[PDB]
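For reference, the structure discussed in these notes is given below.
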Amino acid sequence: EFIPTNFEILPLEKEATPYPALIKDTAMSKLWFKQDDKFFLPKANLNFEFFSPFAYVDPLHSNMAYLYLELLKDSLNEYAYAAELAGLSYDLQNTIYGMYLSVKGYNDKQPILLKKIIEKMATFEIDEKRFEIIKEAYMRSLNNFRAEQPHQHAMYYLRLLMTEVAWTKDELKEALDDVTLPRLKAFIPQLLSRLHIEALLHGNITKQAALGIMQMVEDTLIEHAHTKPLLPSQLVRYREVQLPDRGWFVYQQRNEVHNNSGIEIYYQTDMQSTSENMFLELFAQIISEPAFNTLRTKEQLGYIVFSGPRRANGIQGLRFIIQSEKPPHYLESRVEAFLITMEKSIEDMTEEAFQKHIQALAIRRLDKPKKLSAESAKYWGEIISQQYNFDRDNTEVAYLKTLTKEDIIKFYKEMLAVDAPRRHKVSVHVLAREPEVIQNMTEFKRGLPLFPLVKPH
Amino acid sequence: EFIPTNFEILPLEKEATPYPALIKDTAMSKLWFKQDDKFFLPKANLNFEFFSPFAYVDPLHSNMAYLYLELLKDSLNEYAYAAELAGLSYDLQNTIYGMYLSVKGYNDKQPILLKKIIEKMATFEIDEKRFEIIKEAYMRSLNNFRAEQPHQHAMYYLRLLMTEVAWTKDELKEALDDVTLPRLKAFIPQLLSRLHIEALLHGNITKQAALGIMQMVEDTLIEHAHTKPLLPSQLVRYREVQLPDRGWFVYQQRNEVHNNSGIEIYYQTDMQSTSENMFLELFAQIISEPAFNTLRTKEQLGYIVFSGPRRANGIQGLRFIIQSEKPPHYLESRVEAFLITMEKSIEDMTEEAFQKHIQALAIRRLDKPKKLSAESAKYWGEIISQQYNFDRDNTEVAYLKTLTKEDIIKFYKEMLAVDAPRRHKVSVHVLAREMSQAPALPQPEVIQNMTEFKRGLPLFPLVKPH
Numbered sequence: 001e002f003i004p005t006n007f008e009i010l011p012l013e014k015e016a017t018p019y020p021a022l023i024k025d026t027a028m029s030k031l032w033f034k035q036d037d038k039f040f041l042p043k044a045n046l047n048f049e050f051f052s053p054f055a056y057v058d059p060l061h062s063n064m065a066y067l068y069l070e071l072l073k074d075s076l077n078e079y080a081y082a083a084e085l086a087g088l089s090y091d092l093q094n095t096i097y098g099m100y101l102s103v104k105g106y107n108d109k110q111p112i113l114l115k116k117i118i119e120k121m122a123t124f125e126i127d128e129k130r131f132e133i134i135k136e137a138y139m140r141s142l143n144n145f146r147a148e149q150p151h152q153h154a155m156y157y158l159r160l161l162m163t164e165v166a167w168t169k170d171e172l173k174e175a176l177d178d179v180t181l182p183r184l185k186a187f188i189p190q191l192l193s194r195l196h197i198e199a200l201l202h203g204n205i206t207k208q209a210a211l212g213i214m215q216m217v218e219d220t221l222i223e224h225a226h227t228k229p230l231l232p233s234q235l236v237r238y239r240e241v242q243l244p245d246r247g248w249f250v251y252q253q254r255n256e257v258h259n260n261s262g263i264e265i266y267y268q269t270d271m272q273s274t275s276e277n278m279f280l281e282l283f284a285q286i287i288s289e290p291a292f293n294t295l296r297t298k299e300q301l302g303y304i305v306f307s308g309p310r311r312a313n314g315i316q317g318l319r320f321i322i323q324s325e326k327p328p329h330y331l332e333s334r335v336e337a338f339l340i341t342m343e344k345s346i347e348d349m350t351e352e353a354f355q356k357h358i359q360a361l362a363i364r365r366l367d368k369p370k371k372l373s374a375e376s377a378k379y380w381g382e383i384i385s386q387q388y389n390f391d392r393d394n395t396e397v398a399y400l401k402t403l404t405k406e407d408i409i410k411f412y413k414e415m416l417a418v419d420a421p422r423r424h425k426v427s428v429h430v431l432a433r434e435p436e437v438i439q440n441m442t443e444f445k446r447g448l449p450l451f452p453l454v455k456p457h
Numbered sequence: 001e002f003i004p005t006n007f008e009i010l011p012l013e014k015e016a017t018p019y020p021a022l023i024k025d026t027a028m029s030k031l032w033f034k035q036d037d038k039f040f041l042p043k044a045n046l047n048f049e050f051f052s053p054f055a056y057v058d059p060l061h062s063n064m065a066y067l068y069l070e071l072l073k074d075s076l077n078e079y080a081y082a083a084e085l086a087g088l089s090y091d092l093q094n095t096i097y098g099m100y101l102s103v104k105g106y107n108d109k110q111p112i113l114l115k116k117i118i119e120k121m122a123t124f125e126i127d128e129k130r131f132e133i134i135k136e137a138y139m140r141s142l143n144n145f146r147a148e149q150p151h152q153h154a155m156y157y158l159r160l161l162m163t164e165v166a167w168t169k170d171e172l173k174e175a176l177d178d179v180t181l182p183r184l185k186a187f188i189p190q191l192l193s194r195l196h197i198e199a200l201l202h203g204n205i206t207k208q209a210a211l212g213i214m215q216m217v218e219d220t221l222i223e224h225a226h227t228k229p230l231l232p233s234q235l236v237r238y239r240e241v242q243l244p245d246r247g248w249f250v251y252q253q254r255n256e257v258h259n260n261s262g263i264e265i266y267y268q269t270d271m272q273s274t275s276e277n278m279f280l281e282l283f284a285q286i287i288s289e290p291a292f293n294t295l296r297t298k299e300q301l302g303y304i305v306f307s308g309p310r311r312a313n314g315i316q317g318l319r320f321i322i323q324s325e326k327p328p329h330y331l332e333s334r335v336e337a338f339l340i341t342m343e344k345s346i347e348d349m350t351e352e353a354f355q356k357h358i359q360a361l362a363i364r365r366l367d368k369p370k371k372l373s374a375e376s377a378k379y380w381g382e383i384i385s386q387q388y389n390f391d392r393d394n395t396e397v398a399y400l401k402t403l404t405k406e407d408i409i410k411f412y413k414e415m416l417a418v419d420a421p422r423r424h425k426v427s428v429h430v431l432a433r434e435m436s437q438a439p440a441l442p443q444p445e446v447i448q449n450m451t452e453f454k455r456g457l458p459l460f461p462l463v464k465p466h
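Same order as they appear, the protein sequences are chains A and B. Quick note on this note's numbering: the first sequence kicks off at 1 and runs consecutively. Quick note on this note's numbering: the second sequence kicks off at 1 and runs consecutively.
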């Protein structure tokens, strides 16, 4: 029931910001807030990150976190679905860093519902055969990972190689022999003991009641297990590996199931500066549409052929996701033919190609939101990257029109040419069922540098 | 009963290697061993190192590790005294890596005592009031670390800044407010679940008996806590902080007791490449005696005046440790004045200073070991640094004959001078309790948050192991 009365719209106050302001920061939590200006709807959306150290400590802890949230979902689904039937949808998911909480719906009863959600996932129990079915089930999903689509395989190996630490699915497979009820049951209060909160509150709501409810919530967190905040030195992130400025390295991975060869051709550009976002977006699109002309039709590589940006750890990147059944060096050679095609296709650009193209980028980028969850998802998508540049849109567009033909030529050469000093190229071969070598990826990653992080504005 | 009857000199075998070979490799361990051709004593060394991810993850489990090993030795002391009286030493220690074991002594009950030690710390129990005493007592030992001399305190900050992760002593101090005995006792076998041992064994035993001792140990572990081997992706090390190629950064702390300011002046040259070893060593000796001659002696700056190299994490370095009662920037100015003094003193070198200086550097570096415990500490210090290049001596001497003096200007200009494009300069201030011509150096940065400092900063590569 939960008092479905108050659907009223709340008028905007003195805090007449168009972007979410950080209304509370502690060592326990960090709180951003934004009333709805454009839509004025009787709705609210809430997103929560619970940051905690125990997440990527070891493949065993990751499995336990998984199973925790997984069986947690299995526990609460039976209670939650009738309230979800009332028009309040949600999602619980995980991060490599922490936990992902979504609360979406009306303004009327999210405080009571979220209250009972916190009270519910605080005091948590395990059934035996339930644990076995879920265990076996994810065990299937794990050794299944030999049998999926090579574009996912390629993105998995790329996010393996180009992060700081990475636990393979093999280790995850072998370690499931030890997941016992007492071991998880020891793990559970340890995890929830000490953690960090981060929250998005967005809708026709107030700041003070948001602070009081959020306060109430973290006070309940302290009420259960005597929660203490985290230390501000263990809010670390994982950096990304610096290529030694010239290397073009490659290796191979042999699939077992699919008679298909994926391939991902990674390029380190740079951190997201304001110039580099528009460099990479515009250059990506200038190699986008002629690729639609030449790759499927003319070069006939495959059907799942993809190229483009990479947004991870605050670091930009360039990729070529292609799954087909080919020799990988043969496929690389026609990718290099496409690189020659785009290289001269730069220098053959008229003013017209340029102008239609930058207007294409413009309408590609420009759109007003259409629902509070969309804009809230973009803002959350900025809070997870800890950037907060709320008006990067206007600045990047204002920069975007201030480009020349020669502006991307000077962008092109040092990173992409064959005689290039800043060429950061690396590919990953995924084989079908039938530079330097990389023997041990730890010993590979041993003597390679690490990129800096972004200054928070 | 630990009195020996083993007085038998073992004849050296057909296996006449001058350096320890990897005689046993598993996914669990890695084992290095030699025996003394020269020294001929019935004694042996043992340097077991436990390795674990969970050691330095947080203040809390590290606190539990230290209190564990403390009450561990405290329990096994009353037995240990007869061995210690006989010349059978041991040491349990903790590292940033894991826990550190170093046994040394005679050839009597070596597998036997080691068997007991491993089996004891394998299955170990806790008393209540014993836990209260270890808690309270090391808790009292914590806030004493405000009170030490700032050269020691500054070297703590040096190993603080020049690593990847580092827990300060306050946060580590505060985290013991909630440590109860059941949390530790739950923690312990989880700690002991998986771990790595890599050991150097040196002295009067054989190869096959060493294989049996190693097997013994790991089998004892698998017997107790069912230890399984690691995978080689969790063979991590910590990286070291990049400097932004021209920056000179500094900050200050303040002591309460001492009325003196300290300083340590760090310089990132480079990794130990063949050139850089003889470069920095030669520069270290040429900055050794004249700094002692003019700064501490002649200028009478202070008493805790120290100069010289720094070698940590496979990274060379140059540091200057000076505690005195001075303004530290004033002190910087005369440090830099000494740099100009040395700069001029370079070009004034004849061939006699040159030849006597490099020969004295050679004899400073070259010496055959006298005590067996010394050479084991050097080799061990190289095994923990994962270098293993034991024939670095021939390497260094062969490189040494190929040096000039203009090379050290080439060393001086981009790396050490003030007009440097490749300037990697960093000092550390430590204030006192209450707080002859220098040019205008560029401005330093204030450093409020060391974490937010290290946040966007690159990290160094690691070393290819020899």
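The C-beta atom is built at its ideal place from N, Cα and C for all residues, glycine as well.
8 Å Cβ cutoff, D58 of chain A in contact with chain B: Sequence index remark: in the first sequence, residue 58 of chain A carries index 58 (1-based). Yes, because at least one Cβ of chain B sits closer than 8 Å to the Cβ of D58 of chain A.
Beta-carbon contacts of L22 of chain B that lie in its chain and below 6 Å, excluding the five residues immediately before and after: Along the second sequence, read from residue 1 onward, the residue named residue 22 of chain B stands at position 22. For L22 of chain B, where only same-chain residues beyond five positions count, there are no Cβ hits under 6 Å.
Test: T5 of chain A CB closer than 8 Å to a CB of chain B: Reading the first sequence from its first residue, position 5 is the one you call residue 5 of chain A. Between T5 of chain A and chain B, the shortest Cβ-Cβ separation is not below 8 Å.
Residues that DSSP places opposite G308 of chain B in a beta bridge: Taking the first residue of the second sequence as position 1, residue 308 of chain B is located at position 308. Looking at the DSSP assignment, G308 of chain B forms a beta bridge with B:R319.
From B:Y157, B:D177, B:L176, residue whose alpha carbon lies closest to that of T168 of chain B: For this step, residue 168 of chain B is matched to residue 168 along the second sequence. Measuring from the Cα of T168 of chain B, the nearest candidate turns out to be B:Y157.
Beta-carbon proximity check, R422 of chain A vs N259 of chain A, cutoff 8 Å: By 1-based counting over the first sequence, the position of residue 422 of chain A is 422. By 1-based counting over the first sequence, the position of residue 259 of chain A is 259. In this structure, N259 of chain A does not lie closer than 8 Å to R422 of chain A by Cβ.
Alpha-carbon to alpha-carbon, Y90 of chain B and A122 of chain A: Reading the first sequence from its first residue, position 122 is the one you call residue 122 of chain A. Reading the second sequence from its first residue, position 90 is the one you call residue 90 of chain B. Cα to Cα, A122 of chain A sits roughly 46 Å from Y90 of chain B.
Short CB-CB distance (under 8 Å) between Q386 of chain A and chain B: As a position in the first sequence, residue 386 of chain A is number 386, starting the count at 1. Not an interface residue.
Contact between the segment 240-254 of chain B and the segment 298-305 of chain B (3+ Cβ pairs under 8 Å): no
Distance, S273 of chain B Cα to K410 of chain B Cα: For this step, residue 410 of chain B is matched to residue 410 along the second sequence. For this step, residue 273 of chain B is matched to residue 273 along the second sequence. C-alpha separation (whole angstroms): 16 Å.
Buried versus exposed call for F40 of chain B [16 or more other C-beta atoms within 10 Å across all chains shown]: Sequence index remark: in the second sequence, residue 40 of chain B carries index 40 (1-based). That one is exposed.
Rounded straight-line distance, which links the Cα of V217 of chain A to that of residue 469 of chain A: One cannot answer for residue 469 of chain A here, as it falls past the ends of chain A, which runs 1 to 457.
Per-residue contacts from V454 of chain A into chain B (C-beta, under 8 Å): The sequence position of residue 454 of chain A within the first sequence is 454, counting from 1. By Cβ distance, chain B contributes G456.
The segment 210-230 of chain B in contact with the segment 90-105 of chain B per 3-pair CB rule at 8 Å: The answer is no - the segment 90-105 of chain B does not touch the segment 210-230 of chain B, with fewer than three Cβ pairs under 8 Å.
contact_flag[the segment 64-76 of chain A, the segment 25-37 of chain A] where n(CB pairs < 8 Å) is 3 or more: no
The segment 180-197 of chain B: positions lying closer than 7 Å to chain A by Cβ: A186
Where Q387 of chain B falls: helix, strand or coil (DSSP): Taking the first residue of the second sequence as 1, we reach residue 387 of chain B at position 387. Coil at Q387 of chain B, not helix or strand.
Inter-residue Cα distance where the pair is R183 of chain B and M271 of chain B: Reading the second sequence from its first residue, position 183 is the one you call residue 183 of chain B. Reading the second sequence from its first residue, position 271 is the one you call residue 271 of chain B. Whole-angstrom Cα-Cα distance: 42 Å.
Segment contact, 8 Å Cβ cut-off, at least three pairs: the segment 59-66 of chain A with the segment 5-16 of chain A: Remark: fewer than three beta-carbon pairs, one from each stretch, lie closer than 8 Å, so the segment 59-66 of chain A and the segment 5-16 of chain A are not flagged as touching.
CB of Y238 of chain A within 8 Å of CB of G317 of chain A, strictly: Walking along the first sequence from the start, residue 238 of chain A turns up at place 238. Walking along the first sequence from the start, residue 317 of chain A turns up at place 317. Result no, Cβ atoms of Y238 of chain A and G317 of chain A do not sit closer than 8 Å.
The segment 41-50 of chain A in contact with the segment 196-205 of chain A per 3-pair CB rule at 8 Å: yes
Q300 of chain A in three-state terms, based on DSSP: Here residue 300 of chain A refers to the residue found at position 300 when the first sequence is read from its first residue. Note: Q300 of chain A maps to coil in three-state DSSP.
The segment 421-451 of chain A: positions lying closer than 9 Å to chain E by Cβ: Of the chains in the structure shown, none is chain E; the protein chains are A and B.
Segment contact, 8 Å Cβ cut-off, at least three pairs: the segment 231-246 of chain B with the segment 444-463 of chain B: Using a C-beta cut-off of 8 Å, the segment 231-246 of chain B makes contact with the segment 444-463 of chain B, since at least three inter-stretch Cβ pairs fall below that distance.
Collapsed DSSP secondary structure at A44 of chain B in the structure displayed: By one-based count along the second sequence, residue 44 of chain B stands at place 44. Three-state DSSP puts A44 of chain B in a strand.
Beta-bridge partners of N204 of chain A, as assigned by DSSP: As a working mapping, residue 204 of chain A is identified with position 204 in the first sequence. According to DSSP, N204 of chain A bridges with nothing at all.
is_contact[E276 of chain A, chain B] using C-beta, thresh 8 Å: Counting from 1 along the first sequence, the entry for residue 276 of chain A is found at position 276. Judged by the 8 Å Cβ criterion, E276 of chain A is not in contact with chain B.
Strand pairing of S141 of chain A, partner residues [DSSP]: Here residue 141 of chain A refers to the residue found at position 141 of the first sequence. In the DSSP output, where bridge partners are listed per residue, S141 of chain A has none listed.
Beta-carbon proximity list for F292 of chain A, same chain, < 7 Å, skipping 5 on both sides: Locating residue 292 of chain A in the first sequence gives position 292, where the first residue counts as 1. Result list for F292 of chain A: empty, nothing under 7 Å.
Residue from A:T17, A:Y412, A:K378, A:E148 whose Cα sits closest to the Cα of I286 of chain A: One-based indexing of the first sequence puts residue 286 of chain A at position 286. The candidate whose alpha carbon is nearest that of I286 of chain A is A:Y412.
Reduced DSSP secondary structure (H/G/I, E/B, other) of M64 of chain A: Along the first sequence, one-based indexing puts residue 64 of chain A at 64. Three-state result, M64 of chain A: helix.
Beta-carbon proximity check, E164 of chain B vs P59 of chain B, cutoff 8 Å: Here the question's residue 164 of chain B lines up with position 164 in the second sequence. Here the question's residue 59 of chain B lines up with position 59 in the second sequence. Cβ distance not < 8 Å, so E164 of chain B and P59 of chain B don't count as in contact.
Residue interval of the alpha helix (DSSP H) (run including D170 of chain A): Walking along the first sequence from the start, residue 170 of chain A turns up at place 170. Where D170 of chain A is concerned, the enclosing alpha helix (DSSP H) stretches over 169-174.
Contact between the segment 356-365 of chain B and the segment 385-401 of chain B (3+ Cβ pairs under 8 Å): yes
Beta-carbon proximity check, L400 of chain A vs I358 of chain A, cutoff 8 Å: Taking the first sequence and counting its residues from 1, the one referred to as residue 400 of chain A is at position 400. Taking the first sequence and counting its residues from 1, the one referred to as residue 358 of chain A is at position 358. Contact check for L400 of chain A against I358 of chain A passes: the beta carbons are separated by less than 8 Å.
Paired residues, beta bridge with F7 of chain A - DSSP: Taking the first sequence and counting its residues from 1, one reaches residue 7 of chain A at position 7. Looking at the DSSP assignment, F7 of chain A forms no beta bridge with any residue, so it has no partner.
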